[PDB]
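As given, the protein sequences belong to chains A, B, C, D, E and F, one line each in that order. If you're matching positions, the first sequence starts at 5 in this note's numbering and goes up one per residue. If you're matching positions, the second sequence starts at 243 in this note's numbering and goes up one per residue. If you're matching positions, the third sequence starts at -2 in this note's numbering and goes up one per residue. If you're matching positions, the fourth sequence starts at -2 in this note's numbering and goes up one per residue. If you're matching positions, the fifth sequence starts at 38 in this note's numbering and goes up one per residue. If you're matching positions, the sixth sequence starts at 174 in this note's numbering and goes up one per residue. Yeah, the Cβ is synthetic: ideal placement off N, Cα and C, and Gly gets one too. The structure under discussion appears below in the form of structure tokens.
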Amino acid sequence: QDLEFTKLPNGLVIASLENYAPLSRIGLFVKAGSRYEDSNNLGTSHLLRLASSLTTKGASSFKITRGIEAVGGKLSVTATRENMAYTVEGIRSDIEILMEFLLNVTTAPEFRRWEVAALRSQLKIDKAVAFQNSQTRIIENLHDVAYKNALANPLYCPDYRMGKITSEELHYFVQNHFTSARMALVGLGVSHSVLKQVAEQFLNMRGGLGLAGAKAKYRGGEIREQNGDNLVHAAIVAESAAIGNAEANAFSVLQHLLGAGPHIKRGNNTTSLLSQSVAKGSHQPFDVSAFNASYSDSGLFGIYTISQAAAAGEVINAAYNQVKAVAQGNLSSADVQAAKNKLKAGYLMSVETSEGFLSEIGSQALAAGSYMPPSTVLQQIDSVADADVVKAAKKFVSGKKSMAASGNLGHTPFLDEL
Amino acid sequence: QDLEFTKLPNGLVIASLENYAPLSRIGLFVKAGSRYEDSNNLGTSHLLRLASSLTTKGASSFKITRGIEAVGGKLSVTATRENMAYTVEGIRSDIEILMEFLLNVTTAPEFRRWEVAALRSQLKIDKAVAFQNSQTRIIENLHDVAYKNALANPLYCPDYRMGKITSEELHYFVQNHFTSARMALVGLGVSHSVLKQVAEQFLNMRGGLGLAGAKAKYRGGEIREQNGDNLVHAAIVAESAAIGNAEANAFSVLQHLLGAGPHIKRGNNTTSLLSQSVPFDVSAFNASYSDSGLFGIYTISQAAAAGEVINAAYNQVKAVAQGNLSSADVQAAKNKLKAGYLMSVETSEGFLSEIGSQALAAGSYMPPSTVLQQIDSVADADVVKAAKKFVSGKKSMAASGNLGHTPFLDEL
Amino acid sequence: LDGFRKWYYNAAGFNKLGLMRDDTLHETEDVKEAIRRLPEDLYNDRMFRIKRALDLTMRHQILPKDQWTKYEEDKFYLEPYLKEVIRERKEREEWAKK
Amino acid sequence: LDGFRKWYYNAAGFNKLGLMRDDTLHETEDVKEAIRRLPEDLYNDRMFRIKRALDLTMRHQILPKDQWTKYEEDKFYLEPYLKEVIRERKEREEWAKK
Amino acid sequence: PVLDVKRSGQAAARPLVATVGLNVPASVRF
Amino acid sequence: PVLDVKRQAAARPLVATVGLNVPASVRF
């Protein structure tokens, strides 16, 4: 059948699709990302993300872990700067107790102090594993230098805050952001009815709108990290459109025109205007792409470069110059059509998997409360037109930039030189 | 007697003063600070500073350590971003072997690889002890955000560079910056003659102008490090005058007008226009290097008050930029600056450092008296001028603490 | 029964050393898990009370009668934390049994 | 004397196990300090040569004659590093004596 | 220090999304 | 970690100081 939606009177969104899949997936989406902290409770969302297997009012940690592993199901937590999503999946004959476990974890945690004291070492280990690659550190640095208050908060807990996060901070964060008006329960392979019954036994008691977050403010700037890596990583972004505008579609078409990942293994990603503009001048190994991260109040669009330290300068300059050409109208309609085809194929392959489909429905729910059929999107992406793309470009080419660099930065340029 | 500046042909500025002190002090000053590194050899000057008791061509580490401690003498290394100074002091009857040890350490190191491999853990320990207080970290962060290439290099070795500094980097740094045209040998309590003889047996071997460093470029920007501490240390500076200008004297008079440390224990430092602009601690940071210098407020306040403490402080400087000052305040600032200079040179090691610095900087000695009349040269308008420079020039801000109420540069 | 329990509390004699009831529990695995889950202030008071009782037993003395632990006052602090350890312990055991 | 030293080098027999002369030194305190001061490649070759000699002694074999260590070729690598250890050692001793 | 269990080069072009849970795998994607 | 042996304003540039003597620190 099709997707089916009810908005409960306490604000909770219920979305269901019954496709008679053998494994069914049920997720719950909360607007409780890392942007809702301030300077007093930094890293609380990271410990909340890692604290999904703790003792709840209704099931202990042992009961939750052994009961999910007894049926072979999976419980995972994915977190962005805006949203958290707790997802369980398993056989249709065990999803009743899977919803019991998931809704107990979402609605009634206990946050015992010895459990979080044991979890803080796992927090340090998870942060080290996450920052084992340079892209994660340079994106966290880029957000920290790009924003002032809200989106500048890191996804991972700072080093000083480990050992300082308490049970009361987790309880305050849950009581202020895990309310029914910020939650959507999305189920693929389940009946809509059951979602509702579990949405009344749970998800209905906490029904405020919660604590409203601050508006994110752009700051500009640049933070660098000399650490002696073999490759220089550099991200240069500017403020862009937010979630809910056609200029966001223009910026997505702009990154697929500039280059948003290789389609061929071992390809040179020939088309990418960026990749072409770098490769016509530099014979060193490189990786140049376009970065776009848009959240419900603000967006970041820019370029991302990995290169040899020595060439790091002009490669960045070459990439920047290519965007300036797009800001001068130097583009062809066939290139924009190919960018639109790449963007729509990427969207359809993102929603072709079950967990990606459940995430998409989830995101749409929290964001606009409505489901937008894949088809609808296709025609809206088509709405973006050439001039629109050019426009977004000039926004990037003019707006104050924010630069995060890491590596041997002896030949990496600055923003006033860039 | 009086200091004898003898600029030997090799550029070495030999300076001596024989005052018949019971303990005599001999130092050697090299233009080899941390500003002469680049991104490939960061932290090499820190290991060079900590490697003063290593094996030399002429004396081993054991011989140097036991011979300096046998006569009870002292060997120390002080380093700024421009200059390094190796100083020995002791009884007049043992300063011959003290000059042997010091000139061996300066001129002929060996830099054995097992010795530097043992020294890198001491490098980490020294960096931790140095960054135990917030002022050191916030000044290093302020220099890193204020400059692009030269003066942005830290005094202490970065965390990734520990374990990576080799003997060849130390040898290259010594061979490129420890040359005779960048060195001054300064001795209080010794005869000038001996300085010269030791200046030919040593300090003559390495000649040349050495590797020239790059010109420091201002960048600006802000580095805000949330550390959690209740106190929100914040330094806001801008580009200022360099060493060798009267505008540097104007900026020194400007920091002594704004407030440059308490004179009374437990005082409120009443006069400081800043402090009185209204627990807190607001001062003014002025540091002048050869090619550029930074002036600006540096405040330490409770997280919450940071807003007012910083702004109020900024507003006070804007008042000085609008001509709102009195001549008695400038006269008191001049008296404070000249008293601070005279009390800085009243001690023996401060006197030896001053002579040393002057040597490397201008090759000449400026009698304390001369300075007094030059500081007097600075006049009220001059002070105002430097202020407007700060009030206008791009600022650089280093902040640390609970920065939830600490403003940004576009808001400041 | 209440008065006879007070008489037995006086006859047990750990109140004369200033100890609580939960200080006198033998530290098995469950008791050590319950002690580890205590807050810092309760743990520090328990360690000081045990050290003072050991010192008094060393000198073969007891506390003055005004400093003894009144039966009514004794607080069963470890008890709440202990029950949980036992509950969790049993749950785990049952799971294995089945 | 040179030919008789080559004959004694063949009669000693550590060249048949592929060892150098400095591999055969007894690891006293000075020898371990000299070994610790070796560069990484020389230390790794020394450890591999010692391990191969131990394996050959385990199987009661020797190397083929083309793989033996030619007297002329043997390099006294540890020697330079060792002298220093001894020199430093003596200097320190003398200081204490006096 | 050892980063627990050590191991990408592909440059990020999309926002990051941490991921952890009961299952042993845990990582981030752009 | 322990900062070896563990245990005001900044108006002048930092200056490192080390040597034979046990004390070693920086001053503004």
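**Message:** Is there a Cβ of chain F sitting closer than 8 Å to that of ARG379/B, yes or no?
**Reply:** Reading the second sequence from its first residue, position 137 is the one you call residue 379/B. Cβ-Cβ to chain F under 8 Å: no for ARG379/B.
**Prompt:** Hey, is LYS316/B's beta-carbon within less than 8 Å of any beta-carbon in chain F?
**Reply:** Locating residue 316/B in the second sequence gives position 74, counting from the first residue. Output row for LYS316/B: interface = yes.
**Asked** Cβ of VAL551/B within 8 Å of Cβ of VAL633/B?
**Response** Your numbering for residue 551/B matches position 309 in the second sequence. Your numbering for residue 633/B matches position 391 in the second sequence. No. Outside cutoff.
**Prompt:** So is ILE99/A buried or exposed if we call it buried at 16+ other beta carbons inside 10 Å?
**Reply:** Position 95 of the first sequence, counted from the start, is the residue given in the question as residue 99/A. When all chains shown are included, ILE99/A counts as buried.
**Message:** Taking DSSP's pairing of strands, which residues face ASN296/A in a bridge?
**Reply:** As a working mapping, residue 296/A is identified with position 292 in the first sequence. Note: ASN296/A sits in a beta bridge opposite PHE305/A.
**Request:** Apply the 10 Å Cβ neighbour rule to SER336/A and answer buried if 16 or more other Cβ atoms are within range, or exposed otherwise.
**Result:** Along the first sequence, one-based indexing puts residue 336/A at 332. Its Cβ having fewer than 16 others within 10 Å, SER336/A is exposed.
**Request:** Buried or exposed for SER318/B, please, with buried defined as at least 16 other CB atoms from any protein chain shown within 10 angstroms of its CB.
**Result:** Stepping through the second sequence from its first residue, residue 318/B is reached at position 76. Buried, by the Cβ-count rule.
**Item:** Supposed contact pair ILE485/B and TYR531/B - C-beta distance, whole angstroms, cut 8 Å
**Value:** Position 289 of the second sequence, counted from the first residue, corresponds to residue 531/B. Position 243 of the second sequence, counted from the first residue, corresponds to residue 485/B. 7 Å between Cβ atoms; contact.
**Asked** Using a beta-carbon distance below 8 Å, is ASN418/B in contact with chain A?
**Response** On the second sequence, residue 418/B is found 176 positions in, with the first residue counted as 1. Taking Cβ atoms only, chain A never reaches closer than 8 Å to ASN418/B, which makes this a no.
**Prompt:** Which ranges does the beta strand (DSSP E) cover as unbroken runs of at least 3 residues, wholly within the segment 126 to 197 of chain A, from first to last along the chain?
**Reply:** You should have 187 to 192.
**Message:** What does DSSP give as the partner residue(s) for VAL54/E in the beta ladder?
**Reply:** As a first step, residue 54/E is located in the fifth sequence; it is residue number 17 there, counting from the start. Note: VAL54/E sits in a beta bridge opposite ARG66/E.
**Asked** chain C partners of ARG70/A, CB-CB under 9 Å?
**Response** Taking the first residue of the first sequence as 1, we reach residue 70/A at position 66. In chain order: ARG89, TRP92.
**Message:** Strictly under 8 Å for the Cβ-Cβ distance: is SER64/A near chain C by that measure?
**Reply:** Within the first sequence, numbered from 1, the residue matching residue 64/A stands at position 60. Yes, contact with chain C.
**Request:** Could you tell me whether the Cβ of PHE650/B comes closer than 8 Å to any Cβ of chain A?
**Result:** As a position in the second sequence, residue 650/B is number 408, starting the count at 1. Closer than 8 Å: yes.
**Message:** For the beta strand (DSSP E) containing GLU243/A, name the first residue and the last one.
**Reply:** Locating residue 243/A in the first sequence gives position 239, where the first residue counts as 1. Counting along the chain, the beta strand (DSSP E) containing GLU243/A begins and ends at 235 to 244.
**Message:** Check whether the segment 263 to 280 of chain B and the segment 339 to 346 of chain B touch, using three or more Cβ-Cβ pairs below 8 Å as the test.
**Reply:** yes
**Cβ neighbours of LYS630/B in the same chain (closer than 7 Å, five flanking residues each side left out)** = In the second sequence, counting from the first residue as 1, residue 630/B sits at position 388. Here the set comprises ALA563.
**Prompt:** Considering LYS316/B, what are the terminal residues of the beta strand (DSSP E) in which it resides?
**Reply:** Stepping through the second sequence from its first residue, residue 316/B is reached at position 74. 316 to 321 is the extent of the beta strand (DSSP E) around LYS316/B.
**Asked** Using the rule of at least 16 other Cβ atoms within 10 Å of the residue's Cβ for burial, across every protein chain shown, is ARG165/A buried or exposed?
**Response** In the first sequence, residue 165/A corresponds to position 161, counting from 1. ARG165/A should be labelled buried.
**Prompt:** Under 8 Å Cβ-Cβ, which residues of chain B neighbour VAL191/F?
**Reply:** Counting from one through the sixth sequence, the residue named residue 191/F turns up at place 18. Chain B residues near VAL191/F: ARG291, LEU292, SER294, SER318, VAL319, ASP368.
**Request:** Tell me, to the nearest whole angstrom, how far the beta carbon of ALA426/B is from that of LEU254/B; I am working on the premise that it is less than 8 Å.
**Result:** Position 184 of the second sequence, counted from the start, is the residue given in the question as residue 426/B. Position 12 of the second sequence, counted from the start, is the residue given in the question as residue 254/B. The pair is a contact, with the Cβ atoms about 7 Å apart (cut-off 8 Å).
**Request:** Give the interface partners of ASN528/B over in chain F, defined as CB-CB distance under 8 Å, in chain order.
**Result:** As a first step, residue 528/B must be located in the second sequence, where it is residue number 286. One finds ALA184, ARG185 in chain F with Cβ atoms closer than 8 Å to the Cβ of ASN528/B, taken in chain order.
**Prompt:** Residue range of the beta strand (DSSP E) that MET88/A falls in?
**Reply:** In the first sequence, the residue the question calls residue 88/A occupies position 84. It spans 88 to 95 - the beta strand (DSSP E) in which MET88/A sits, taken as one unbroken run.
**Item:** At least 3 beta-carbon pairs within less than 8 Å: the segment 397 to 415 of chain B vs the segment 5 to 13 of chain C
**Value:** no
**Asked** What three-state label does DSSP hand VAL17/A in the structure shown?
**Response** What you label residue 17/A is simply residue 13 of the first sequence in a count that begins at 1. Residue state, collapsed to three classes: strand.
**Asked** According to DSSP, is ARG267/B helix, strand or coil?
**Response** The residue you call residue 267/B lines up with position 25 of the second sequence. Reduced to three states, the DSSP call for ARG267/B is strand.
**Item:** Straight-line Cα distance separating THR541/B from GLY535/B
**Value:** What you label residue 535/B is simply residue 293 of the second sequence in a count that begins at 1. What you label residue 541/B is simply residue 299 of the second sequence in a count that begins at 1. Rounded to the nearest angstrom, the two C-alpha atoms are 19 Å apart.
**Asked** How many Å lie between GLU357/B and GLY403/A at the Cα?
**Response** The residue labelled residue 357/B in the question sits at position 115 within the second sequence. The residue labelled residue 403/A in the question sits at position 399 within the first sequence. Rounded to whole angstroms, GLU357/B to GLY403/A spans 52 Å at the Cα level.
**Residues in the segment 255 to 289 of chain B having any Cβ partner in chain A nearer than 9 Å** = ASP280, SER281, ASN282, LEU284
**Prompt:** Using 8 Å as the limit for Cβ to Cβ distance, is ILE227/A near chain B?
**Reply:** For the purposes of this step, residue 227/A is taken as the residue at position 223 of the first sequence. Judged by the 8 Å Cβ criterion, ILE227/A is in contact with chain B.
**Asked** Counting only beta-carbon atoms, is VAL65/E nearer than 8 Å to chain A?
**Response** Numbered from 1 along the fifth sequence, position 28 holds the residue referred to as residue 65/E. So, interface residue.
**Beta-carbon gap between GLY15/D and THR54/D smaller than 8 Å** = To locate residue 15/D, count along the fourth sequence from 1; it is residue 18. To locate residue 54/D, count along the fourth sequence from 1; it is residue 57. No. Outside cutoff.
**Item:** Close-in-space but distant-in-sequence residues of the same chain around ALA483/B (CB under 6 Å, 5 per side omitted)
**Value:** Start at 1 with the first residue of the second sequence, and residue 483/B comes out as number 241. The answer, listed in chain order, is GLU489, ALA490, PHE493, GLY535.
**Prompt:** Would the beta-carbon of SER519/B fall within 8 Å of that of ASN557/B?
**Reply:** The residue you call residue 519/B lines up with position 277 of the second sequence. The residue you call residue 557/B lines up with position 315 of the second sequence. Pairing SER519/B with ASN557/B gives a Cβ-Cβ distance under 8 Å.
**Prompt:** Nearest to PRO396/B by CA position, among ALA574/B, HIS647/B, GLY285/B, is which residue?
**Reply:** Taking the first residue of the second sequence as position 1, residue 396/B is located at position 154. Of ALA574/B, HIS647/B, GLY285/B, the residue nearest in Cα terms is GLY285/B.
**Asked** Closer than 8 Å, CB to CB, is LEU645/B near chain A or not?
**Response** Walking along the second sequence from the start, residue 645/B turns up at place 403. When Cβ-Cβ separations below 8 Å define contact, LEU645/B makes contact with chain A.
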